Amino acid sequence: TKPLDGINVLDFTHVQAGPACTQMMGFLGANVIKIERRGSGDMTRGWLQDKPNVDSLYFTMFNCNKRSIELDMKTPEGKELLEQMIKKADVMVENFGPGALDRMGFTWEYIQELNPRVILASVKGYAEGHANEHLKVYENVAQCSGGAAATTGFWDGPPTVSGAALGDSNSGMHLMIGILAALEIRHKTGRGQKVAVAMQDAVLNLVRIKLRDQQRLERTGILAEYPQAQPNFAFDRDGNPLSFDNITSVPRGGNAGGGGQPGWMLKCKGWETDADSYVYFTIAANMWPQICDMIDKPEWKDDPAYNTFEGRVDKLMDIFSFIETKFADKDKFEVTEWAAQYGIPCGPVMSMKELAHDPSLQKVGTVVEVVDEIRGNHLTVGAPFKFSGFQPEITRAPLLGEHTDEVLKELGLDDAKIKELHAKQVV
């Protein structure tokens, strides 16, 4: 009834990349058992807490639909428990440092012996065989390693990190693809596989469009849709001109269109005192007559200086500046509604406050109120894929070690050894 009903996940993950992956599997029906360090558990529990003595929203928004067991895996009893759990699992997921799981004694080769059907899934900073394969990597370092930082921001400013989790959550979603692919092939082979996603590679996959641009730049010496292609438009900090004459690596293009048709971020009424009073406005090559009507420039329709992409290259930023003057007395929603009349791709910069309280996102189950009696209810992002046959049933994140005894019971342990394990500080 749900895609992953019956799929048993032995979940070693912590922080963001790994837990995002296993949470989303949980949302699609998977039985997720989260292994955590004794006493402290996943480090997100105590990071950026809003209330003293309560698991942070960092933890709760990444660990819904999971059960928690505490386990010291560097004890002989802990390793024995892992062997029993591995034999019951369909998928093992981890995002420890390079070699950490191996050093515990659970190499891929040994895992295969324990369970020929289990899939091992890993998130690492760099791919196996990479010069940097042994490095520990965090979110923004991964954005920097994968080309995003270099190609994000403005030509007269620094490399800029994205607010979106390009390093972590993005890598987790990519690992989910790997895991599901390994499940699909297991129906044929009856055998599990090892799958791994490097954070650098997940970032680079989303920056594919910039590898397109790098080759175009190498081949032709110019990127015509970039602001720097407009003569005497772009300048560095010290006032030096920036043209493609002297550019050999894909530059920062500010708010240019990327993989979309040419566009820009345009101010709307209240921009001086409202950080998000903007729209993104696209000048699509097949929409020039429509734009000319909207901005009352009929004389631009039949002028070759204006009516082709090629003609607009020397003046596109002038055109954006002029269009922007038309929005001076309208808010971003009024502008979006106006542009929509013309079928022009255009929308508001939604603030996080607006998104958190948007009726539409709650209607469609993308922003979800999680019922949590212990911590008070909270919002989370639900499943971004909608299915005809089912809806996720999101349930609160576990307290540390909440399901330890419950899980140990399922392994067949009678009450005697459970006391021992607690006594020995194994769980």
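Start at 1 with the first residue shown and count on from there.
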Which is higher in the entry, the mean Cα B factor of 41 to 49 or that of 57 to 65?
41 to 49
Decide which of the stretches 308 to 316 and 129 to 137 has the higher mean C-alpha B-factor, going by the entry.
129 to 137
Could you tell me which one of 164, 217, 291, 86 shows the highest CA temperature factor in the PDB record?
86
Highest recorded Cα temperature factor - choice among 350, 224, 185, 209
185
Against its chain's modelled residues, does residue 23's Cα B factor rank lowest, middle or highest third?
lowest
Of the three thirds of its chain by CA temperature factor, lowest, middle or highest, which one includes residue 366?
lowest
Third of the chain, ranked by Cα B-factor, where residue 380 sits
lowest
Can you work out whether the C-alpha temperature factor of residue 240 puts it in the lowest, middle or highest third of the chain?
highest
Third of the chain, ranked by Cα B-factor, where residue 342 sits
middle
